[PDB]
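All values below come from the heavy atoms of this structure, side chains included, with hydrogens, waters and symmetry mates left out. Just so it is clear: chains get the letters A, B, ... in the order the sequence lines come, proteins before strands, and each one is counted from 1. Every number for a ligand or one of its atoms is a count from 1 in the order of the listing.
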Amino acid sequence: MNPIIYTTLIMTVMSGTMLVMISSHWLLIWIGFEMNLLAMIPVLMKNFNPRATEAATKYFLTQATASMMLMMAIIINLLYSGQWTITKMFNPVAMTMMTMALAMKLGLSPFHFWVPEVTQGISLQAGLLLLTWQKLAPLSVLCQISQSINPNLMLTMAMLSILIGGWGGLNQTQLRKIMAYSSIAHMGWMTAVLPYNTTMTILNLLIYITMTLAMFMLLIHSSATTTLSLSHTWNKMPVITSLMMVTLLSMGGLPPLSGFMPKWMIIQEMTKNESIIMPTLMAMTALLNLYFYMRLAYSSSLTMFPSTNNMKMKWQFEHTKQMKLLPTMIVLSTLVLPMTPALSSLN
Amino acid sequence: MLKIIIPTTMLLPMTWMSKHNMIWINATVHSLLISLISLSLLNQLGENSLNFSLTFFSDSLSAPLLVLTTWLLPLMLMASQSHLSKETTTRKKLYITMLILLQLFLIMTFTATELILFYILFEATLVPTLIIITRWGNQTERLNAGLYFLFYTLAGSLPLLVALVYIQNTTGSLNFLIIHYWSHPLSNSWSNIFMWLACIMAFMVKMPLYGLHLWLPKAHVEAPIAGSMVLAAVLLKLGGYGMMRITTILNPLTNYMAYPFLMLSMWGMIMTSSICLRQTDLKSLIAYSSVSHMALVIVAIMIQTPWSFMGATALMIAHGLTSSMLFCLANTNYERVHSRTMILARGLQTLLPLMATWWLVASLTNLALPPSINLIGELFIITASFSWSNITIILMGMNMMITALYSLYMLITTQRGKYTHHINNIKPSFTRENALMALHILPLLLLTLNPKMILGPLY
Amino acid sequence: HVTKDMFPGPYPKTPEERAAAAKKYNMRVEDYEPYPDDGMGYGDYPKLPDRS
Amino acid sequence: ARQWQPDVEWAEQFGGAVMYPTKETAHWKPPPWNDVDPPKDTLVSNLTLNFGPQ
Amino acid sequence: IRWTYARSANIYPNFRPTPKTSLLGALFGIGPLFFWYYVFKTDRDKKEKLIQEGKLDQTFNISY
Amino acid sequence: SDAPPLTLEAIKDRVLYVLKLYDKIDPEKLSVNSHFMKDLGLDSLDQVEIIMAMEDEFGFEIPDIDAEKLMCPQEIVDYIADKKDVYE
Amino acid sequence: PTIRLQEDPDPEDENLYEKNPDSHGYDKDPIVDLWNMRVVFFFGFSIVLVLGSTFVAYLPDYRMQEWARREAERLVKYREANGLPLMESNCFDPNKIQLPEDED
Amino acid sequence: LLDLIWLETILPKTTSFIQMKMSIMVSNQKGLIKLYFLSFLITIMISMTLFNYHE
Amino acid sequence: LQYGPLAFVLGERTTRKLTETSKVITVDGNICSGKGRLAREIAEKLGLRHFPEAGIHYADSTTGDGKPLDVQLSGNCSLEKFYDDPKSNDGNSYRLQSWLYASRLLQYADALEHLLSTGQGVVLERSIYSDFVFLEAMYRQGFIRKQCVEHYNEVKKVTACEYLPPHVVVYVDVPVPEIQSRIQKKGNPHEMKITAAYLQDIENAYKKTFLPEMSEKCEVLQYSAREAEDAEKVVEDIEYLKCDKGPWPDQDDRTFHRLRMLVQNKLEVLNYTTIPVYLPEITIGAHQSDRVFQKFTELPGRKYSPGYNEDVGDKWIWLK
Amino acid sequence: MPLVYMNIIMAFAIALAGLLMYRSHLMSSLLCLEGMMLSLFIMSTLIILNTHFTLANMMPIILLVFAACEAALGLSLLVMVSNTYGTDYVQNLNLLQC
Ligand SMILES: CCCCCCCCCCCCCCCCC[C@@H](O)O[C@H](CO[C@H](O)CCCCCCCCCCCCCCC)COP(=O)(O)OCC[N+](C)(C)C
Ligand SMILES: CCCCCCCC/C=C\CCCCCCCC(=O)O[C@H](COC(=O)CCCCCCC/C=C/CCCCCCCC)COP(=O)(O)OCCN
Ligand SMILES: CCCCCCCCCCCC(=O)SCCNC(=O)CCNC(=O)[C@H](O)C(C)(C)COP(=O)(O)O
Ligand SMILES: Nc1ncnc2c1ncn2[C@@H]1O[C@H](COP(=O)(O)OP(=O)(O)O)[C@@H](O)[C@H]1O
């Protein structure tokens, strides 16, 4: 792929997302989704191999079905009220269709099956883009129509997402599938609090995006895609493994790290609405994500796995390409808990 | 309160800017100076607490715990510097950083005025301990231990968090002073029962309560010597402290709710004291003895009388000092013979007489010989339990006997008899080990002269 | 220097397993008799005479 | 004595295609080191045509 | 080493839930707790009912 | 999971099943030790056809040099066991 | 190879007394070891233990125990000089207490 | 009997066993879009019936 | 401006520098054949950059100061002890073979970087395409296990697929008895221990696998011992070749850009050399790995990045 | 609602069901996607014509435009899939699991 072509494709993806963000008309939001998918399919296939082709095909099928359901919901809403503005849907059937379509776009359970496969089939850069930037548009649409959310369906999908993310992550040795299941669980956390406080949803999205960017950049810097490949990093760059262990602890929600701030806030917000059982179950379930993060930390930085002889050669060479935003991303992923009240700036 | 927190924070750049051969000296000297500075919080007012600011406050209960933490840091450095000799400079600095962060989190935990900040710091203590255990532990089991030590804790603490925020939604505050002054009775209902359980269970598992204690033998046995010292001396007390702060809003529910926990604590102190009689590992015996003493503390907190609270405070302080000393004593022999089996190295009094004296004094304090503060706390708890119910003495009495039966047993197993013939690498005791033993034991005997310093606010 | 197969294992059922366990504990196979195979956790360890 | 560190046998627990190997996933194979599978011998048949005689 | 390992680590891998094992575990685990609960609850209920009747002879009982 | 751990007994049964399906063989005069040319009175081309049936049954090719040696059902069983690495 | 991996052999522990017959158990370098001993002893036994005990022993009576004793002495003297009971069964004045007007 | 077996059996070992079984059930999929989209159809029907009719 | 996407976007192209004399050339041959002199003479006559055969310490030549490092910090293998004890149970044979393949991969990356950045051609002695013959010999003499061969094939399969084969493959043919005579006349005691079977295995592997495989994508020039001494005829034979066979004519600016992104960034080149396949011969334990890495970081100019080690004379560190 | 509206909505439901239940060929699923788009076009056109929403008359055309893009996208992917396997059967797309 030409660098100019790749830049144009990335700009088209971002401009489709922004068109979704800035539109007041349902047709323009649908157009933004369509443009985003059209430009995003080639990016998944930059490095050509059968696995990338399969991931692109699965992604296209899922997103096209979601787009068709999205348009059907829009058309039913127009039928029952001659309105195109994205304010609040006037038909419960259209609302159910829209909720299911946006859940399929986000990958919430039980529409989660494509996320680990597509993440495993693409490179780490494509995985970073897919798991960070692709969540903005459906979440923005869901935030705009939050007052029309049926709480039962949304909360059921969120709880299923948390549970399934934990259970699926428990079984993985590939790092991309671990990241995908973490994404599913975090998306469940994001959508659990949506019918109550969209500011908490935005804060959770920001924290998750920062930690995911740090994780994927640390995985690109130490070019590992499996657990055993990552077990070799300590013998070449120990600082990377130490920072990765701290970031993994933050992703587990352990205080006083940054990852604790969203869940905490979400929990307290839910208790303001006499929701007690569900936050308790969600936290006890996120314990599973913490468990497999700790397993990765055990294999990567807290113990020293055996290495190979050829590693000596790698001792003689540095990294020619540096990621400029990795240190800031790590610091934001760990030490921003004392700045918690700043969330008032988000509303 | 910043006059203690800020120097503890300054310990970090000071240890990261030192030479490769001067880290231990600087860390020990300035930790001792910080302990001396913290010694000034014992000037308590009686009626109310020392309210430094909106964030921090000191109490007749918090001050001995803070002094114990600050005193335990230099002893931990002294015990650590032996087995870390072959280690690289950067990793040694990282280990010392872990210890300093643990001290900072503990001193901020013991003085926070609101329950949410207390929860945040009380959970933040988990990370340095887990890192220490899993990174500088010696055996392959350490990883498993860490997992236990993590999840057993979190399964207790996550409900509490929910309960905490729930309380602030109905009361409007989680500040301890406001919470105490505006306290209202807890009605008898399922909601109140589950709120009680959520408020109690995290501190229960941190004590640990019998039945929820399986994490402790693993974590204490597989931890390095400093990790074991801090786990036994200070961390186990957190839950105890938490209970004395949280039970002010749980009345009168505690009168009927506390029954299963009291039964578990008494029968489990009997069970763990019996377990100590058949233990092939020397560290496991000390861990189970810690479990028994903390069961006594749990009973004292549950029965909720002024004498019980005084006894609990005294017993927490005494147990911290005694257990840390016992772990250090075991670690000396482990460094000698590279094994934890009790019957491997016998007849050590013949080869190490002063270490045998230290062993005897530690064993005597462990079985609560009067007038040691261990005996003071135990006697106060026993009297309060007798007032609660006259039958309790039976269980209490049994525990006392069994305690001696295992305490002297350990001594008799390791000091008396004849030496093992083929073990020929038992060198004379170093000055460092003797000084560590003395710095453990002298404050213990000194505190007998002024017991009111460690009897808490109910004094 | 005590390797993985020199540690006690599960309860032996075949005669070859019994001979291997007996040699592992430095006993005659005629003299080696483990605890009964209930769930008490004794496993492979020999049941020695109850003398003091 | 020295601290225990993982060896090859300890490391191979994390080398399979999946944790917790069952009987169905025992035949699963880890993906290639680069994300490139070997090409399949799916030979595309040409079309055979009779050009003439009529 | 074999003795220590068998006494400590080899026990759970060789444990089977058995009617004997289950019954002994249930007895030795929960029986004493319920026995002591019954004893203490009986004693304290008797004492509280005695107090409510105005007869305990609690004179000079000012430390608790 | 894949096919169960094929054993010598199943291989022997399959070999006799496909051998008795051959029309030029008396179904009861055939035994595992019977020589094709001598006991069964078959020719070389009949033996080649039997090897084709063997290849069809067990799903793997057999070269000519080896097939010239398989001269009775037991030799076929031994060859299949060696090729499939079966000890019992 | 019949070996599984290339590994360093487990070394034997070194005696600090071998190179330094009076080695204090603090460090391999005799000067650093001696000064570690000196600083530990001076700042633990000499300063924290002796000064700290002395400082704790002479802490001012902020707990108000002598004050309470003198107040009790004054109250007892006054109350037994005027025929009043030494203590009242009521901690607060019943005159400022308004019980519910009806009990049935 | 108690510390090494039954207290181990009830709280930690049962948790590990249950979570391992659930993880094996959840993550062991054949990776065929046919089955996934059949499940999607089932989910759409369930959401359209059990939730959309409750408003 | 370091070369990257931005340099490619505005200006910098590869095809503008190819000038018909690029012609990646490798001069192969058996042990002790005079391929080195022929390679040097070809480079001198055709104006190309010569690459001496990549040894154990080739990586040391291109990093830090060009001086070689200690054997336990670089290579961890010995050719002399391979000649002494080819069947040693410490796995020196396959460790040496894997290290030499890694060195040859790095040298091929360096040569491709030079050619794609300057347009000047390169001459190599051996290559990653012919490194296997020794391996096969090692396997046919019982010096290495089958598992080592499988691991080598995995590494080669994931590494050599990313590069373009050389334009010209020159083979110097010397019979085995002449090779043995040259070895005996050389005088080095360790090479005296080479048996005729090992040399015959190398020759068989060459003649039966390497040349037939390379002839499909490259042009092969075979020369005997006597006719290899005249560099002029070899050079004029190369000068009159038609390079219309392999994948080089199919290369445009974009594939050249991908290749140039790959040939720099030596860590990305060496990525799959250390795949987590645990062969005892090449697996290093955690304690030995830690000790050797700590020893490496204490080298005079290796603690920090090249321009940040003040103990080797780096200045203005606080402003860099 | 007229019975024509119900027929069009049922057509969309049938096309969605046909897409969600896969047979071997991927081309059939692509055709189901196209049918879904056609039913959406018809439904929107009928609503806009009935309500006399003049400016919305350009809405269906835009729909068609993006339909084409989607169609093209699918066909592109199909080509590559066939090139890998010589077939467009969806059971060959199983290299990745959950
Ligand atoms: C090895 C050789 C052994 C033989 C040689 C020994 C020689 C003889 C030694 C025997 C001494 C006999 C002891 C008798 C007691 C005399 C001292 C006593 O009077 O002082 C006590 C005072 O002791 C201190 O108050 C208690 C010690 C303080 C404890 C703090 C330890 C230092 C901090 C280190 C950290 C510890 C961590 C744990 C802390 C919670 C009592 O105070 P008090 O009767 O009221 O005085 C009232 C009058 N005042 C108030 C005006 C002063
Ligand atoms: C190491 C293992 C230790 C684990 C300890 C776990 C113990 C946790 C105790 C219970 C946790 C749930 C408590 C939730 C926080 C309490 C908040 C509260 O009090 O609100 C109650 C809500 O109470 C609940 O909803 C509780 C439901 C329980 C949900 C989760 C069940 C988990 C299992 C509970 C039983 C086990 C408890 C003891 C376990 C001990 C460990 C073995 C009522 O609020 P309202 O909605 O306003 O109603 C009044 C006006 N209508
Ligand atoms: C569908 C319609 C098909 C009909 C068309 C068929 C057309 C094909 C015609 C092919 C003709 C040939 O190839 S001609 C075959 C080539 N020539 C020979 O086979 C004769 C020499 N062989 C011998 O003499 C052997 O000894 C022998 C007697 C075999 C003993 O075999 P055994 O070792 O077992 O004992
Ligand atoms: N891949 C390899 N495996 C083993 N030995 C090698 C390998 N490559 C080069 N050598 C050794 O390098 C030595 C000298 O290299 P060579 O090219 O044969 O002779 P010359 O120095 O005259 O060019 C030889 O002893 C040869 O064995």
Is any side-chain heavy atom of B:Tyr459 closer than 4.5 Å to a side-chain heavy atom of B:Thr313?
no
What does the contact table look like for ligand 2 (nitrogen or oxygen on each side, cut-off under 3.5 Å)?
residue	atom	partner	partner atom	Å
ligand 2	19 (O)	B:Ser191	O	3.4

Close residues (non-hydrogen atom under 4.0 angstrom from ligand 1) work out to B:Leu39, B:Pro64, B:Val67, B:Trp71, B:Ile317, B:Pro443, B:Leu446, B:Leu447, B:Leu449, B:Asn450, G:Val56, G:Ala57, G:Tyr58
Do A:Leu288 and A:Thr285 make a side-chain contact, defined as non-hydrogen atoms from C-beta onward lying under 4.5 Å apart?
yes
May I ask you to decide whether H:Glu8 forms a salt bridge with B:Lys218, counting only side-chain N to carboxylate O separations under 4.0 Å?
yes
Report, in ascending order of atom number, the atoms of ligand 3 lying under 4.0 Å from any heavy atom of F:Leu45.
34 (O)
Show your reasoning for whether side-chain hydrogen bond (donor to acceptor under 3.5 Å, both in side chains) applies to B:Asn169 and A:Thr271.
CA-CA 7 Å; B:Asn169 288 335; A:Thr271 53; 2.9 Å; yes
In ligand 3, which numbered atoms sit nearer than 4.0 Å to a non-hydrogen atom of F:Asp43?
34 (O)
Would you say B:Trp358 and B:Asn434 make side-chain contact, with heavy atoms under 4.5 Å?
yes
Counting C-beta onward and ignoring hydrogens, is there a side-chain heavy-atom pair between B:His293 and B:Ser323 closer than 4.5 Å?
no
Is any side-chain heavy atom of B:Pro7 closer than 4.5 Å to a side-chain heavy atom of B:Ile37?
no
B:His319/B:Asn366 under side-chain hydrogen bond (donor to acceptor under 3.5 Å, both in side chains): CA gap, chis, key distance, verdict:
CA-CA 8 Å; B:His319 169 268; B:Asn366 189 59; over 6 Å; no
Between B:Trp196 and B:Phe261, ring centroids under 6.0 Å
yes
Compute the ring centroids of B:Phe203 and B:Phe122, then answer whether they are less than 6.0 Å apart.
yes
